[PDB]
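Labels for the chains are A, B, C and D, by order of writing; each one numbers its residues from 1.
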Amino acid sequence: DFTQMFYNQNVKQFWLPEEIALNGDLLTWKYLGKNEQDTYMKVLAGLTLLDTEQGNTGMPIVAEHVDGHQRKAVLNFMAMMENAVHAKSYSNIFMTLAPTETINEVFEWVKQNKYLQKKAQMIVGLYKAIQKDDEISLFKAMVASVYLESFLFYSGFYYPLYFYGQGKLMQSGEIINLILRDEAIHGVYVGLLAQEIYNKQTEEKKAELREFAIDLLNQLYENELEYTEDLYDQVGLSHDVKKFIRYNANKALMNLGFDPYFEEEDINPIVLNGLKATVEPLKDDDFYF
Amino acid sequence: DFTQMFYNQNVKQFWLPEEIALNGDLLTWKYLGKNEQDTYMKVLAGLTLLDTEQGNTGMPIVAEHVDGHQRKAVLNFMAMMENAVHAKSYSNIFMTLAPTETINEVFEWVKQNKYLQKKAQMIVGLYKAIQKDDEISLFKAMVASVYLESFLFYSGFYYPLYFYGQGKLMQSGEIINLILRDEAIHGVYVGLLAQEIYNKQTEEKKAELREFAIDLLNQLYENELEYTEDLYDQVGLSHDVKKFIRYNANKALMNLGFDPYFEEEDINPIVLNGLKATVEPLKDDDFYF
Amino acid sequence: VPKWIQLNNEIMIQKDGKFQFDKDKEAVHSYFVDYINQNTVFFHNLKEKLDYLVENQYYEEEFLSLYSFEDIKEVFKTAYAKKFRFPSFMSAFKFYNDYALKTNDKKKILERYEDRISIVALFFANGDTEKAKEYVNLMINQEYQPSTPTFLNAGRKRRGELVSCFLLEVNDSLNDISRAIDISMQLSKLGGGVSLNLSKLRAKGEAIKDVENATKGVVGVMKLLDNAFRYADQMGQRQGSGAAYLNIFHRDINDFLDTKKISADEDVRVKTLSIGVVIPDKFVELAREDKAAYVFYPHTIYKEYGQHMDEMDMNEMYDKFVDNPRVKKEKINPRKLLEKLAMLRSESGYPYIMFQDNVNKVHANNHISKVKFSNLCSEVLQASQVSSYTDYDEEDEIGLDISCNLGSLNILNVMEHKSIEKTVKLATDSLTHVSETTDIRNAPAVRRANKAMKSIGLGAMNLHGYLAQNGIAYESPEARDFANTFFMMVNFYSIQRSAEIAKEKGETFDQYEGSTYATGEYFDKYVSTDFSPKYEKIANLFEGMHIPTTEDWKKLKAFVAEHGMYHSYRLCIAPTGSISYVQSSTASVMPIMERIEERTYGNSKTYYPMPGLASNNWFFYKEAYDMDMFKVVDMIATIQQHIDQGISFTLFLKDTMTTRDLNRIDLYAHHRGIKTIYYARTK
Amino acid sequence: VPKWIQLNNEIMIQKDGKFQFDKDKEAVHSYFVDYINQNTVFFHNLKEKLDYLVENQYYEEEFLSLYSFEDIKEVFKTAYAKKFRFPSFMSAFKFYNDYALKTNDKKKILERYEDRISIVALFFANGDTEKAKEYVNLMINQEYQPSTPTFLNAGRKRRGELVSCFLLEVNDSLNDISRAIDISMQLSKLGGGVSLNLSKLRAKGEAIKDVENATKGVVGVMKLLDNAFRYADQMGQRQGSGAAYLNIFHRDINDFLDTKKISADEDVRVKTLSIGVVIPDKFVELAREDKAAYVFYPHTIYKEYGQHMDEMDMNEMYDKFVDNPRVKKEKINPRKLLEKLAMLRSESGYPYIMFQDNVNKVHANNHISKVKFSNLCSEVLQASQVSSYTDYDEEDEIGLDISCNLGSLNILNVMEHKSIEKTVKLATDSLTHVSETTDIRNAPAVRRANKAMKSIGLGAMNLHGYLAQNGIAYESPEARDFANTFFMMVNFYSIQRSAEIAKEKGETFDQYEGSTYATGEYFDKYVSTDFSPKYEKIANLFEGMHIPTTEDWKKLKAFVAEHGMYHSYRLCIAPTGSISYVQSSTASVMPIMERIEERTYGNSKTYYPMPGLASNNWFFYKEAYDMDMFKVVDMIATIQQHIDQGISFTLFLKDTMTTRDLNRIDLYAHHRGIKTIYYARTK
């Protein structure tokens, strides 16, 4: 009942980072403190890693196991967006704002950062555990994918949105909003596929799947807290970002058909402001008048 | 040396089925004989069936085994074009020209056809034989992929190009020309990835891979001749189609860095109408002797 | 944003649900109160102005020296006594941006409208002060408008030629091809649009000195011509414009057409070379009967018969060519070729279509030559003889290359002044003067044909404007009745003026005795059919003007028999691109494309309503795309029956209609006697 | 695969670790006993053969009519008495595929090697049976080889022109540009390579009659010439080859060079027109001193001084150009321009480099004109006067456009026969005959220069073959000593033959009196310096031949002063690409590119070993890429000191070396007196 409308929405949202000129951010970037620039680079690098794996691994593997040519076409399109559009856009931003050495250093930093490695290990592990014709392993990977789309990106998205909302780094911010617009529909779509599998189960099995989903969310959440503190303490925003990730965790649960898990909190209003011609043959009667 | 350049060329060639209005083809379609309509339907179904294998298996399997983030992104983009753009385009052409019952029957016929099946299963067999961390099996699959993209499609493309060059079925011919333009670049790109593997091999292993490629080409070519007579004798075109197959076989070989196998031949004009040294500064005292 | 531009953009702002058309008038005032008067160079007297313009190499001394200063001052005073005011902002803007004389630094205005008109009148009169005043009254009443070359360059020392339509015949030789390239470059240097006939050139795969498969065909010649036209681009001011015409029975016709396909390669496509196709009646008959046609190799026909393929009548020669084994030919489907023409016209508006037999069944000078091709605007249709340009230190055989003289009557202004006769005769005299004063030293056949044929093109414009301001729909039978009567009177007075000039000078055009004017055949339909208006409204429109009857046409026929005719050709309806703005007129006899047109100049937007557009005549100003193309064809044929040359006839198509509709319009144009089809503009 | 193909491929199959060179000989036998003798057309006697070739429009009957049939029979018998055998398969293959006369359908062979040589000799002798026999003995011994046009086309009815290269001067005008395009097409139709000097054309952004920034520069003319050469491509057999030469001080020099950049846009890139750069000593001096140079606008210089920029000495007028405010110029970095030249030559082998001062410091005809550009092979260096092609109906001022006839001495065969004098004199006579019978009716300046200058080009081939077959390293000082002595002998006997022809005809070349030949300056270095071999081995090589001394040169100088010289230019060393195969000779005086070359013909592959290659002389046949380019420059300068025109000097570079190495080689060539540099071929 939904794939065709998601197909149409995904293809109509198609974009490339080159559509957005980035040289306009040069001055507002220059004006940020060293702490702010550091957090910003690292935040986008963490996002780049997530999209790299979502494009290389997550979306293609889910596409492989989901039945139906139209469902596969949507998932293939989403996969392309992840690595050919989203992951690449971050390099466009980096290449504009930062010198090569700072770019090299931040990519080295992703490799050695323990929270980023842990979250990649956990998410990719679940993708690679999918067994052919085994719907339960597929469900588990789809939960992981929804958590990546609708929860994990948001510790990263906070900062570009926070600046956009203050009228700073607005070209980079425009790119990020386009990425976010895509991930929102990706999270909903994968959520609907996960619910399909969940709804086939016995009540006992469903109870176990909810346990899996909640245990996984809590494990990812605890790691994300440490990641958030590590990045945002130097810019004074860790508590604010934490509220934002809890907000989005609830959205991820809802995408999976589950009740919200965290209590509602006031999000920084700045971040909320951050959001040929047709051819006929000639008849013999066309030669007479 | 080449992936970013191909990335650029691929994304700038992006298109959607909806861009070409198909209904005006009915004007010309109604004036074709039964044999012409039959051949066109059968050719179209042949292309559709082969392209589906490439979208569901060929491109995604190569993307899975190739190392490199940028290569995986380009390959993902190509897989997207197969599944999201090409497949919808073929379906659109069919739905415009034939009623539902006729489409189902043509696909039943072509699905049972000996020559279409022989080539489809030969290609799919090589994709299924790729082994993790074995570059030889990957190379063999890449050869199969290049043969599909740059050679096997062309016994089929001939007919729409033949009409397109005569002013008939111009809307669907425009679509086919866009598809063909994508398959050409797909073939060239996968060809470069195969040459990379080939160049890492010993001289004995190279000779062995050359023998594999020529042997495979021979098997496919002999089946193409039979496929060609089966479809095109009823419309009197087989001689010229055979010249077009050999010409495209030579292009496929050149994509794989191999010499042409067949002598140069001229192609049907209607179908044709359808179709750094190191810079070192002068240091002075180089002007004195 | 300047004040006049705001006042012009205020037109689209609707008050009481109506466009503020009158605001445009205010804009003009602003455009003159804020800009034109501030940047216009003023002198203490006209003597100082003329001395400054002559000394600073703005004007020519020769044409001003023919008058005393008192006569020049009287002509200027006559021009300024009208107190002419541009009714729309775009008229004044186009004149003062395109035609008004500016200083070398292009920051000051040396010429007003009255100054330019007076200078052009003094150039026209060639020493006659009364004739100069008559020309000034003609142009300041805006009854007649000299073409952009004549209007812009008359009386100016730093100028191009006054003729910008040139037709060249290219003979089948390397010497002739190189000479054609050279002449095209020289004429583009002069600022003229050059049309070349490539039908005599042998096709691809023909023999050169009895070696087979050697010729590159007409496509290589088109590449050479395209490079020549790109190189010669009016000293880097305008893009070099050229046209190539090929007969549809030439074998290269597909490759010719393939030069305009988007899918064509870089070594096939020509970008600055317009293409036109000449379609004899034989091709239309073959397509109609669905018989497969043959495209012939021109050199084999020339070897077999001693004449070029385009030099003989294909209607009587096609069967002999097909049955001749020594004539090489290729099988084609004429209906497929027609569909290809329609598809190409849908994609790019090319090629121009010339219906050879439609042109030549009413051509008065078939004895000199049959009309084999048209110009860059597809309205010049004249006899041409190919030239034999031999090797060096060898005498060339100079033929006739067409170059007609353009000038347009403003139908609204002419008819409201009840001065069809006077305007036509004065325009004919001015065109004769400009043709006589044209001397091109690098185009021998063009110069020879200008001296011999003395051919001029007198066009008309503001037909749709006049009809809409008089409550007449362009597609109505009343509009066609008016066009019939008006253009029959134009033809009558043009023939009368040509015969009067022949009697005065004692000379006719070369080979006039063989023309249908001399034999009286041309006047047949005029001495038997009465062209008086059949509708009372049109007759009331023509009130106050004598409409020539059959007896008047018989008297004119006798006068032409006794005295001859000075001009081989007199009337041709050019597109009239930018002069229609200055004259506040609709372009040519074409229907208007838009009621209000939006243009972008610099970084500013501007709005030009069609002349006389208001709420009352909004419906009568129907857009061309909304019109039935069959009725537009009917009107153009009605006009064409009184025009000796062709009419620039652009088709106006919607994106919904297919190539079948385009082919149907083309075939109805062929059936109705349309000589040329210019463009297929898709909305 | 053919039997001879297998035998030729058997060379590379090593036996006992050595190449099977003798197998090559077997191949030729097979190639004759299986293909040539079966595909040849035999007649009952020579009379039937000559009659069949005459009536079937294979041979011109005029040159054969000057001899009685007995004399022609005697000439053919003299040709066949030598029993000439091709020592390699590729020699016979190249002759019978490129030069032997075949039937109209090219299914049979009508001309043997002896038949072709006899026909060429009979054409050369012009009715002299003894002279025809002398030419037969000269060519069958392979001492002298007429150029590919002369050898292939002599005495043929369907022939082209016997002149290989043509050099055109293009004046700065549209008429001159169009005439240059026409003449280029005409000469490419005749089969000759055309070189055009574009240094007189004004640069981009110059004024065409007071309207500024109007010219397209030399790039637009380059595009026009490229399209002209594409169109005129020898009837589609050989791609039309053209050369454009521009002075390095032209403002367009960068854009010129940008025509050959691999990243150039299609509107700038030119692909069928070779480019050459003329570098005066001033540019090298500026680059050496690292002082920023100035490129100039030619039209401003012409307006200020009345002469073209390339018409006068830049070494003395550069400072005046720079200090003149009325001359327009642009700042450039001469070292950056040199690096751009080196990079372009590394990427594509272009431009040709012409060191203007090196050419003109020893140029004998500076009074007529300085050498401002070279030919398509960058070895013709002659005085040229630009032509003033005026408007139609106006007389044109015809200048001098360079054109010379090529002919190469086979050094190995000439020295083996100890016949430097006889071969040089007979070759000079043959080239004089080729010049005399050349009459081009579409290139007036070329015709006038051929009639007046009487310039010929006598080249040499098999220098490296002779040196390697005699155990002399090409880079050794002994090889340079041999080249010095041999080419001094060639120059001496060429001057002697030119003076003897002038004496026997009573006429010299036009403006000879102002030349250095008339004043005796040319002989200065020959009357003070002895060019006898300094090494005993070279002297032994020259045994049996009278090496001219300073006394012989003084006598020759007196003889020239008394009688004059018939030829303005006599010696030019062409590349001699494909005719070197037939003569079993290494190409020109260049070192061999490879010892055994693998060439693909049809679907087969063939291996051609260098002539005389064997085990004992394997390392004497050193490949050019492995050689020091400085010592090759030394050899070419040693030869050039005795050659009045230039030498086609190809640089042979390794991929490892940088553009700095290429620039160093170019600067050493300029320092050593190298006139022109042909190609930068990278391995």
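Quick note on the criterion: contacts are C-beta pairs under 8 Å (C-beta built on N, C-alpha and C of every residue); 3 or more make two chains touch, one makes a residue touch a chain.
S.K.: Which pair in B-D or B-C has the same interface as A-C, with over half of the contact pairs matching by residue number?
M.R.: Most of the contact pairs in A-C are shared with B-D.
S.K.: Considering B-D alongside B-C, which chain pair is linked by more C-beta pairs in contact?
M.R.: B-D
S.K.: Could you tell me the distance, in whole angstrom, between the mean C-alpha positions of chain A and chain D?
M.R.: Inter-chain centre distance comes to 69 Å.
S.K.: Using CA atom averages as chain centres, what separation in Å is found between chain B and chain C?
M.R.: Between these chains, centre-to-centre, one finds 50 Å.
S.K.: Measure off the straight-line distance from the CA centroid of chain B to the CA centroid of chain D, and report it in whole Å.
M.R.: Going by mean C-alpha positions, chain B sits 49 Å from chain D.
S.K.: If you look at chain C, which of its residues touch at least two other chains?
M.R.: 339, 343, 658-660
S.K.: Using the touch rule from the top of the page, what residues of chain B touch 2 or more other chains?
M.R.: Touching at least two other chains: 24, 27, 167, 170.
S.K.: Okay, in this complex, where on chain A does chain B touch?
M.R.: The touching residues are 7, 11, 14, 16, 52, 55-56, 60, 63-64, 69, 72-74, 76-77, 79-80, 82-84, 87-88, 276-281.
S.K.: If we count contacts the way the header does, which residues on chain B are in touch with chain D in the complex?
M.R.: Those in contact with chain D are residues 263, 276-284, 286-289.
S.K.: Please give the residue numbers of chain D that touch chain B in the complex, ascending.
M.R.: 284, 287-288, 290, 335, 338-339, 342-343, 346-347, 603, 655, 657-664, 667-668, 671, 682
S.K.: What residues on chain C touch chain B, complex-wise?
M.R.: 254, 258, 263, 336, 339-340, 343, 658-660
S.K.: Mind listing the chain D positions that touch chain C in their complex?
M.R.: So the residues of chain D in touch with chain C come to 158, 174-175, 177-179, 181-182, 185-186, 189, 208-211, 213-216, 220-221, 223-224, 227-228, 230-233, 235-236, 266, 391-394, 441-444.
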